[PDB]
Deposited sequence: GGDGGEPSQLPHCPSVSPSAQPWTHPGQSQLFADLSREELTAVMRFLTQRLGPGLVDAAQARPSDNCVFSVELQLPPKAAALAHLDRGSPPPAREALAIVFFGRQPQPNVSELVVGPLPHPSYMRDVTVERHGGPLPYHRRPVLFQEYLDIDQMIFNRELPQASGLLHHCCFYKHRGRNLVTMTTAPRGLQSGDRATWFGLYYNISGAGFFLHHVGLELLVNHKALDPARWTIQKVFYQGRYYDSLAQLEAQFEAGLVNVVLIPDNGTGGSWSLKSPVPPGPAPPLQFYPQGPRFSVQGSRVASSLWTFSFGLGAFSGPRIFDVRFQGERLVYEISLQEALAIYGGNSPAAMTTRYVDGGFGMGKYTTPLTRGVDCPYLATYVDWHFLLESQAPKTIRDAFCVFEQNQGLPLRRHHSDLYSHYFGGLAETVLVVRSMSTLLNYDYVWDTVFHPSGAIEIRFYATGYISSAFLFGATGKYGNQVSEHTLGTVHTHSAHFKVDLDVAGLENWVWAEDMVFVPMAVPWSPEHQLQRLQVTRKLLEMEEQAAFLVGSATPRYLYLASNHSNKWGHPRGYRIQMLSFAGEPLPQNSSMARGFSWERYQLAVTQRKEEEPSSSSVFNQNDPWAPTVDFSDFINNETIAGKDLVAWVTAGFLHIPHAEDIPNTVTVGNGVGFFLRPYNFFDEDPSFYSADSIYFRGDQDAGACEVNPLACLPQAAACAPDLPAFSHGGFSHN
């Protein structure tokens, strides 16, 4: 037969109610953001305002009234003598009655308007400008190089970031690419890039500050056109069609025998109800910051809270290149938004077929809430590898082991060319693992000139541009309580005389232990040595008299960070650190800001500031982990970068936290002596598997929903 909420993101209803309250208080001249002009008032985003920790915990611990459910709305105030962007807390939910400007309280004064994210409508006006007023002037050149037609629109633009060279600039370098049918346009740079100054509040005043074409600078398109017609521009002909991996994603090889499949022979061993996940071992709440991405709250292992908050905070790509676009590209992805750019998960490709798929709701650049279908997936995965194992042939014949099954929570952000995969993995040892992967397409530029310093040629006329990937996580561990310390354990060798034979030397291996007392002592720069055992500990001990701890262990090949002399470095100064442990502060909720991208020269949040002459001995601590790598593009990144070897992140592992390994108590654990029948059901639960897994896997009909 067939085989058998404090931290929740705002629901459709809640988002609706906040919008309804905003469309009353803000006046009648309020424009839908999807069609808003720079000089308009519009609501850019509405999402959950995470509750204050003390009121949150008091509710969860002794059942005090929950803190008010609040939303944070980012409003673009364009229709006034001095335009600003404002942050507005609306509450309470479900029935809003107040709205409070927290801009000044948070930033010391107005959020300057040029720090606002570029709207969808703004990109549309930029395209309206480029395609209708600007490219027509180079009609001749474009006709010859680029299969251009009168109306046509066979070329497309791609933004870079940041937009200019100092605070208050809003000049973006746009590259132009063949609009490729059914596949990545990013590998088909026509060799034209345009510096667009789109700062003015009236789009009529927008200009092209500069042009770059196949290696050369021009002051305008007209000048380029006139030089082309005069005979002085030798056009390399880039083709707009072809076959293979640089043109397509469709495999020409027909499917063969089916890949292995995983299934739950007695049904799933976990539930998802709203935003909460529960298995026999793990409890937590998941969700998605619109800008800062995937997050989990209130992580309890076997009933005991380990973590207040694990959350993605920011992601960063720094480029090099032969052309202006890639030369100055520094993406601070939160400026676009990891939640906002979250995409549907393809059942059976993005996650295992039998995962539980959850929808995500949002109110971003519109006036009515929307849905991303299957934005999350939650599943148990058998690793195909033991958790623990011992086969004993010595003195006593017995085997004892357990196969490892993990519980996973995944979402994916597709920002322009690449696809970020965010995993949180829950281990039965009580370990928590965070990993991210950068797959999808690379950015490329038109190949010209001396190759070697900026990436490799990856296809016809195209250079895969060198860059680094980095991401920053907030890890607010509360190890057996709020109050934590930080320990550094490592090793050393001390030469001393062999006690029983003094004329001989031995190297005595010893453990070193240092309490890290001030924040600076727990700030570890990229490229420097970190102690082999770094852990946050409670004050209290386990049965064996050792402080109960959780170790932070890093898996990162960090790229060299942008040098400090850069005037924009402070816009993502978290990149300089592998790790930092600070006092958790209500007024330091994020290491980044949606506002940093378009003005890193005057950052809205500067992570450096968090690290000051401050004690970390007996405080509520949060660790901040940077994970990343250099990526020099190469042929086998075409058509897509693979995930193998490119998964960076960290482990959180119990270190004298328990009195013994919790998995000793696993229900799935296997043991038998050499003098009993390992083939019998009373002895080995794995022997009942032939019988107790002889059903046909229960599989839903395949459905995919989401192309906005």
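Against the full deposited sequence, the model leaves out several stretches, namely 1-10, 15-29, 734-735.
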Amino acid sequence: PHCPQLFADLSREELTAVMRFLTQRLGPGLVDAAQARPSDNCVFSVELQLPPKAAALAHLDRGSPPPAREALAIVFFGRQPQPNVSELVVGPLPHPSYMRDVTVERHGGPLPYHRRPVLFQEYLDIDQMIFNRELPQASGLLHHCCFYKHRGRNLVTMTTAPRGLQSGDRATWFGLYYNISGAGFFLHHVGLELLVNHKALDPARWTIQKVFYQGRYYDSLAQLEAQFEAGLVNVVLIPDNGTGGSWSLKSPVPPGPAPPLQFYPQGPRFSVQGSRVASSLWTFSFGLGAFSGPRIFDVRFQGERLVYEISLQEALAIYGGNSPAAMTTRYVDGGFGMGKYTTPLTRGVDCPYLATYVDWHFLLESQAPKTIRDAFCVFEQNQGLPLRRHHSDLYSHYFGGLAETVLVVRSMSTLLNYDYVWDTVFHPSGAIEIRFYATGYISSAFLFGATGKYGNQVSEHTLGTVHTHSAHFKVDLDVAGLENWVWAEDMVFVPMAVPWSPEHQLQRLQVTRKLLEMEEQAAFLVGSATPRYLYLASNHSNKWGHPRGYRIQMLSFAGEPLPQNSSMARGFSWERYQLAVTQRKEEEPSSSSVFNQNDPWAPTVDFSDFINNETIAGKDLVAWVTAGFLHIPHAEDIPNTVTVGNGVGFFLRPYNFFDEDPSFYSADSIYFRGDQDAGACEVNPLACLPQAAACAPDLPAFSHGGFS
From here on, numbers count along this sequence of modelled residues.
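The term rigid core refers to the maximal set of C-alpha atoms that superpose within 1.5 Å between the two forms.
After superposition on the rigid core, the larger root-mean-square Cα deviation in 8 other deposited structures of this protein belongs to 228-236, not to the other of 630-638 and 228-236.
With each structure aligned by its rigid core, the stretch whose Cα atoms sit farther from this model in 8 other deposited structures of this protein, between 211-219 and 364-372, is 211-219. Notably, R151 is an intermittent gap: at least a third of the other compared entries of this protein, restricted to those modelling both its neighbours, have no coordinates for it.
Across the two stretches, 223-231 and 263-271, the PDB entry reports the greater mean Cα temperature factor for 263-271.
Taking only CA atoms, the mean B-factor in the PDB entry is higher for 148-156 than for the other of 612-620 and 148-156. Of the candidates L192, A471, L463, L562, the one whose C-alpha carries the top B factor in the deposited record is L562. In this structure the maximum Cα B-factor among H427, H467, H95, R548 is found at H95.
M129: CA B factor lies in the highest third for its chain, per the PDB record. Placement of the Cα temperature factor of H540 within the chain: middle third of the modelled residues, per the deposited record.
Looking at the C-alpha B-factors along this chain, the one for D40 belongs to the middle third. When the CA B factors of the chain's modelled residues are split into thirds, the value for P662 lands in the lowest one. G401: CA B factor in the lowest third of modelled residues in this chain (values from the PDB entry).
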